[PDB]
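Below is one structure, written out as structure tokens; the observations come after it.
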2 protein chains.
Amino acid sequence: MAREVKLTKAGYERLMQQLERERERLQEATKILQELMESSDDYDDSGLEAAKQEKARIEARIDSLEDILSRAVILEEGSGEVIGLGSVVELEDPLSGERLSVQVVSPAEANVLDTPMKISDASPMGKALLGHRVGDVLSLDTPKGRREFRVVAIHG
Amino acid sequence: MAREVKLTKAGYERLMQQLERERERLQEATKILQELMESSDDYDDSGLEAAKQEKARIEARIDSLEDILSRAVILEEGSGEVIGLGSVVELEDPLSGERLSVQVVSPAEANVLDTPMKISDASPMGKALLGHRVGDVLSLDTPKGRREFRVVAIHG
Ligand SMILES: [Zn+2]
Ligand SMILES: [Zn+2]
Ligand SMILES: [Zn+2]
Ligand SMILES: [Zn+2]
Ligand SMILES: [Zn+2]
Ligand SMILES: [Zn+2]
Ligand SMILES: [Zn+2]
Ligand SMILES: [Zn+2]
Ligand SMILES: [Zn+2]
Ligand SMILES: [Zn+2]
Ligand SMILES: [Zn+2]
Ligand SMILES: [Zn+2]
């Protein structure tokens, strides 16, 4: 298990802040879990179980985050291509290791059906990406939860 | 759990090197417990469980290491005092968080009974320490296993 992960300075400091946030959430999560154990001694309750799960969950995002960081290799500042119109961008979610491909195009070229989905220039995600390069880390709006992805490559 | 850990460029390089080694051992240990799983189907043998235990041990050494590197704060090259004769040195074992205190003196001043035990100048541990500063990481001989310690401070 030895792979290098390229990140720009900004992309690196971005995963740090995320690690900082996660540790605080863990502290709060841990704290509530104990107060939840002393109270309803009976922990066969869905609550105590949902709490168990949340802490563990946070533990996961953090251990995964420390891993990514330990493999980090900082790219030069001015380096690689930039993401612009027509560019096809490959993304990885640090935690889940989920791959996501998307291509930024003009508003009228946007289409959900295309192979790498075509995203409007002025769409939320299109904005967020436009201007970034491999290594950068961006936060993208999600219904279930704002996630941060890493620019793995810009084939476009 | 948010504490900064000071390391010298050399100290950081040494823990990274230790991390690499441990991942290696996790590959070998992982592959082994799987071979030991298809053979003696009966997992109730003192072998397969001495195997998972080992893999678990390794995974802990690794994650503990990733945690420490994530908090690394690189110190200025020429910084802090240096360890010499008469210097009191406090050390911490990154893994177990064990704290050890020792004082480098002349071979004839050596005494295990003195508060911070007095270690010979030309002794093993003494040679290893001499010439280092806070932040450095040193591998110290142990019958149980050459472990690595961090110079937390040289109050001497
Ligand atoms: Zn459960
Ligand atoms: Zn970790
Ligand atoms: Zn890892
Ligand atoms: Zn177009
Ligand atoms: Zn950028
Ligand atoms: Zn939504
Ligand atoms: Zn904090
Ligand atoms: Zn072992
Ligand atoms: Zn882990
Ligand atoms: Zn791990
Ligand atoms: Zn941790
Ligand atoms: Zn941690």
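In the structure tokens, chains take the letters A, B, ... in the order shown, each chain's residues start at 1, and ligands count up from 1 in the order shown.
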
Requested in this report: Just need the residues of chain A within 12 Å of chain B, counting only C-alpha atoms, so spit them out as an MDAnalysis selection string.
Outcome: chainID A and resid 1:4 12:13 15:17 19:28 30 59:60 62:72

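With chain B held fixed and chain A fitted to it over all Cα atoms, the RMSD is 0.3 Å.
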
Report task. Work out how far apart CA of residue 148 in chain A and CA of residue 119 in chain A are and give it in Å to one decimal. Result -> 17.5 Å

**Report entry** Contacts of residue 93 in chain B within 9 Å, only C-alpha atoms, excl. fewer than 6 positions in-chain, as a ChimeraX atom specification
**Finding:** /B:99-100,147-150

File of the preceding selection, N, CA, C and O atoms, as a short mmCIF file (atom, residue, chain, number, x, y, z; two decimals), in the first residue's frame:
data_model
loop_
_atom_site.label_atom_id
_atom_site.label_comp_id
_atom_site.auth_asym_id
_atom_site.auth_seq_id
_atom_site.Cartn_x
_atom_site.Cartn_y
_atom_site.Cartn_z
N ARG B 99 7.58 7.82 27.64
CA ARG B 99 8.52 8.89 27.92
C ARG B 99 9.72 8.33 28.65
O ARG B 99 9.59 7.60 29.64
N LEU B 100 10.90 8.66 28.15
CA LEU B 100 12.14 8.21 28.75
C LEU B 100 13.04 9.40 28.97
O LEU B 100 13.18 10.27 28.11
N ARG B 147 13.65 0.19 18.72
CA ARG B 147 12.56 1.16 18.64
C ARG B 147 13.11 2.54 18.30
O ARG B 147 14.31 2.78 18.41
N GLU B 148 12.23 3.44 17.88
CA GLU B 148 12.66 4.79 17.55
C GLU B 148 12.04 5.80 18.50
O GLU B 148 10.85 5.75 18.81
N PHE B 149 12.88 6.71 18.99
CA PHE B 149 12.47 7.73 19.93
C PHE B 149 12.67 9.13 19.39
O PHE B 149 13.53 9.37 18.55
N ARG B 150 11.88 10.06 19.90
CA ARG B 150 11.96 11.44 19.47
C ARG B 150 12.52 12.30 20.61
O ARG B 150 12.13 12.13 21.76
#

Query raised in the report: Taking into account only C-alpha atoms and all ligand atoms, which residue in the set B:155, B:57, B:127, B:133 is nearest to ligand 9?
Result: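 For ligand 9, the nearest of the candidates is B:57.
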
Report task. Output as a VMD selection string all residues of range 29-154 of chain B that backbone DSSP marks as strand (DSSP E or B). Result -> chain B and resid 72 to 74 88 to 93 98 to 105 111 118 to 120 137 to 140 147 to 153

For the selection you just gave me, I'd like the residues written to a file as a short mmCIF file (atom, residue, chain, number, x, y, z; two decimals), in the first residue's frame, keeping N, CA, C and O atoms.
data_model
loop_
_atom_site.label_atom_id
_atom_site.label_comp_id
_atom_site.auth_asym_id
_atom_site.auth_seq_id
_atom_site.Cartn_x
_atom_site.Cartn_y
_atom_site.Cartn_z
N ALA B 72 3.15 16.82 12.09
CA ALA B 72 4.54 17.25 12.02
C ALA B 72 4.64 18.76 11.81
O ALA B 72 3.88 19.34 11.04
N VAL B 73 5.58 19.38 12.51
CA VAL B 73 5.84 20.82 12.38
C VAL B 73 7.35 20.87 12.22
O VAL B 73 8.08 20.73 13.20
N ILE B 74 7.83 21.05 10.99
CA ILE B 74 9.27 21.07 10.75
C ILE B 74 9.98 22.28 11.37
O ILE B 74 9.60 23.43 11.13
N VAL B 88 20.64 16.71 29.84
CA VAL B 88 19.51 15.88 30.26
C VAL B 88 18.59 15.78 29.06
O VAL B 88 18.18 16.80 28.51
N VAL B 89 18.27 14.56 28.64
CA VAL B 89 17.43 14.38 27.47
C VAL B 89 16.15 13.60 27.74
O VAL B 89 16.17 12.52 28.34
N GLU B 90 15.03 14.15 27.27
CA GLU B 90 13.74 13.50 27.42
C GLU B 90 13.35 12.94 26.06
O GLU B 90 13.43 13.65 25.06
N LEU B 91 12.93 11.69 26.02
CA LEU B 91 12.56 11.06 24.76
C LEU B 91 11.14 10.48 24.80
O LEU B 91 10.64 10.15 25.87
N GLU B 92 10.48 10.38 23.65
CA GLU B 92 9.14 9.82 23.59
C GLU B 92 9.09 8.80 22.46
O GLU B 92 9.65 9.03 21.39
N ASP B 93 8.46 7.65 22.72
CA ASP B 93 8.33 6.64 21.69
C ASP B 93 7.03 6.93 20.97
O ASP B 93 5.96 6.59 21.46
N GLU B 98 5.57 6.39 25.11
CA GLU B 98 6.39 6.23 26.30
C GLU B 98 7.39 7.36 26.41
O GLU B 98 7.98 7.79 25.42
N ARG B 99 7.58 7.82 27.64
CA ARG B 99 8.52 8.89 27.92
C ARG B 99 9.72 8.33 28.65
O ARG B 99 9.59 7.60 29.64
N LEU B 100 10.90 8.66 28.15
CA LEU B 100 12.14 8.21 28.75
C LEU B 100 13.04 9.40 28.97
O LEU B 100 13.18 10.27 28.11
N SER B 101 13.66 9.43 30.14
CA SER B 101 14.56 10.50 30.50
C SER B 101 15.92 9.91 30.87
O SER B 101 16.00 8.94 31.64
N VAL B 102 16.98 10.49 30.30
CA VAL B 102 18.34 10.03 30.55
C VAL B 102 19.35 11.18 30.45
O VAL B 102 19.08 12.20 29.80
N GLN B 103 20.50 11.03 31.11
CA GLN B 103 21.54 12.05 31.09
C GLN B 103 22.89 11.51 30.62
O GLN B 103 23.42 10.57 31.22
N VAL B 104 23.45 12.13 29.58
CA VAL B 104 24.74 11.73 29.01
C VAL B 104 25.92 12.26 29.83
O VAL B 104 26.12 13.46 29.93
N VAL B 105 26.72 11.35 30.38
CA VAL B 105 27.85 11.73 31.20
C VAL B 105 29.06 10.91 30.80
O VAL B 105 29.00 10.16 29.83
N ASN B 111 25.52 5.91 36.01
CA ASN B 111 24.81 5.33 37.15
C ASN B 111 23.31 5.19 36.85
O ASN B 111 22.61 6.16 36.58
N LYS B 118 22.14 8.10 34.64
CA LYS B 118 23.34 8.60 33.97
C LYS B 118 23.89 7.57 32.97
O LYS B 118 24.30 6.47 33.36
N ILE B 119 23.91 7.95 31.70
CA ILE B 119 24.38 7.09 30.62
C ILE B 119 25.78 7.47 30.14
O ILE B 119 26.06 8.64 29.88
N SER B 120 26.65 6.47 30.01
CA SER B 120 28.02 6.67 29.55
C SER B 120 28.06 7.43 28.23
O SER B 120 27.17 7.33 27.40
N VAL B 137 14.94 12.12 15.53
CA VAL B 137 14.38 10.81 15.88
C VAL B 137 15.55 9.84 15.82
O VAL B 137 16.28 9.82 14.83
N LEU B 138 15.74 9.04 16.86
CA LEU B 138 16.86 8.10 16.88
C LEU B 138 16.43 6.67 17.18
O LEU B 138 15.59 6.44 18.03
N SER B 139 17.01 5.72 16.45
CA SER B 139 16.70 4.32 16.65
C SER B 139 17.60 3.81 17.78
O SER B 139 18.82 3.91 17.68
N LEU B 140 17.00 3.26 18.83
CA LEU B 140 17.76 2.75 19.97
C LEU B 140 17.64 1.23 20.15
O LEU B 140 16.53 0.69 20.24
N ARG B 147 13.65 0.19 18.72
CA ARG B 147 12.56 1.16 18.64
C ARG B 147 13.11 2.54 18.30
O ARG B 147 14.31 2.78 18.41
N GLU B 148 12.23 3.44 17.88
CA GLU B 148 12.66 4.79 17.55
C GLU B 148 12.04 5.80 18.50
O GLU B 148 10.85 5.75 18.81
N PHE B 149 12.88 6.71 18.99
CA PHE B 149 12.47 7.73 19.93
C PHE B 149 12.67 9.13 19.39
O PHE B 149 13.53 9.37 18.55
N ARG B 150 11.88 10.06 19.90
CA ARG B 150 11.96 11.44 19.47
C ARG B 150 12.52 12.30 20.61
O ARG B 150 12.13 12.13 21.76
N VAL B 151 13.44 13.21 20.28
CA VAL B 151 14.01 14.09 21.28
C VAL B 151 12.99 15.19 21.51
O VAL B 151 12.83 16.09 20.68
N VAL B 152 12.29 15.10 22.63
CA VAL B 152 11.25 16.06 22.96
C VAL B 152 11.85 17.35 23.52
O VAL B 152 11.32 18.44 23.28
N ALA B 153 12.94 17.22 24.27
CA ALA B 153 13.61 18.38 24.84
C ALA B 153 14.91 18.00 25.54
O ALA B 153 15.08 16.88 26.02
#

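Between CA of residue 11 in chain B and CA of residue 136 in chain B there is a distance of 4.4 Å.
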
Report task. May I have the residues within 9 Å of residue 33 in chain B as a PyMOL selection string, using only C-alpha atoms and disregarding those fewer than 2 positions away in the same chain? Result -> chain B and resi 28-31+35-38+48-49+51-52+55

Report task. Could you tell me which of A:10, A:32, A:56, A:82 comes closest to ligand 1 if we count only C-alpha atoms and all ligand atoms? Result -> A:56

Query - Exercise answer, 8 Å around ligand 4 with only C-alpha atoms and all ligand atoms, as JSON, numbers by chain - result: {"A": [85, 86, 105, 106, 109]}

Next, the residues of the selection above should be written as a PDB file, in the first residue's frame with C-alpha atoms.
ATOM      1  CA  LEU A  85     -14.173  25.316 -21.092  1.00  0.00           C
ATOM      2  CA  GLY A  86     -14.324  22.056 -23.005  1.00  0.00           C
ATOM      3  CA  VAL A 105     -19.138  23.244 -21.424  1.00  0.00           C
ATOM      4  CA  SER A 106     -21.303  26.283 -22.227  1.00  0.00           C
ATOM      5  CA  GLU A 109     -24.074  22.237 -24.394  1.00  0.00           C
TER       6      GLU A 109
END

Requested in this report: Could you tell me how far CA of residue 5 in chain B lies from CA of residue 94 in chain B, in Å and to one decimal?
Outcome: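 Answer for the CA of residue 5 in chain B to CA of residue 94 in chain B separation: 9.9 Å.
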
Query - Selected residue, from A:53, A:142, A:96, A:87, that lies nearest to residue 130 in chain A when counting only C-alpha atoms - result: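 Selected residue with least distance to residue 130 in chain A: A:87.
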
Report task. Identify, with DSSP run on backbone atoms, the residues in chain A assigned to helix (DSSP H, G or I), and express the list as a ChimeraX atom specification. Result -> /A:9-38,46-71,124-129

Report summary line: Using only C-alpha atoms and all ligand atoms, the shortest atom-to-atom distance to ligand 12 among A:134, A:58, A:83, A:112 belongs to A:58

Residues within 8 Å of ligand 6 (only C-alpha atoms and all ligand atoms), as a PDB file with N, CA, C and O atoms, in the first residue's frame?
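Output contents, as saved in part23.pdb:
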ATOM      1  N   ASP A 141     -21.038  21.107  -3.622  1.00  0.00           N
ATOM      2  CA  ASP A 141     -22.351  21.019  -3.003  1.00  0.00           C
ATOM      3  C   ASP A 141     -22.975  19.648  -3.267  1.00  0.00           C
ATOM      4  O   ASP A 141     -22.939  19.146  -4.387  1.00  0.00           O
ATOM      5  N   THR A 142     -23.530  19.044  -2.222  1.00  0.00           N
ATOM      6  CA  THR A 142     -24.165  17.733  -2.315  1.00  0.00           C
ATOM      7  C   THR A 142     -25.397  17.737  -1.412  1.00  0.00           C
ATOM      8  O   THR A 142     -25.390  18.349  -0.339  1.00  0.00           O
ATOM      9  N   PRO A 143     -26.483  17.075  -1.844  1.00  0.00           N
ATOM     10  CA  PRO A 143     -27.676  17.065  -0.992  1.00  0.00           C
ATOM     11  C   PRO A 143     -27.366  16.386   0.336  1.00  0.00           C
ATOM     12  O   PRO A 143     -27.626  16.936   1.412  1.00  0.00           O
ATOM     13  N   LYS A 144     -26.787  15.190   0.247  1.00  0.00           N
ATOM     14  CA  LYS A 144     -26.450  14.417   1.435  1.00  0.00           C
ATOM     15  C   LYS A 144     -25.249  14.987   2.181  1.00  0.00           C
ATOM     16  O   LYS A 144     -24.979  14.598   3.318  1.00  0.00           O
TER      17      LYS A 144
END

Query raised in the report: With only C-alpha atoms and all ligand atoms as the atoms that count, which of A:6, A:61, A:132, A:146 lies nearest to ligand 11?
Result: A:61
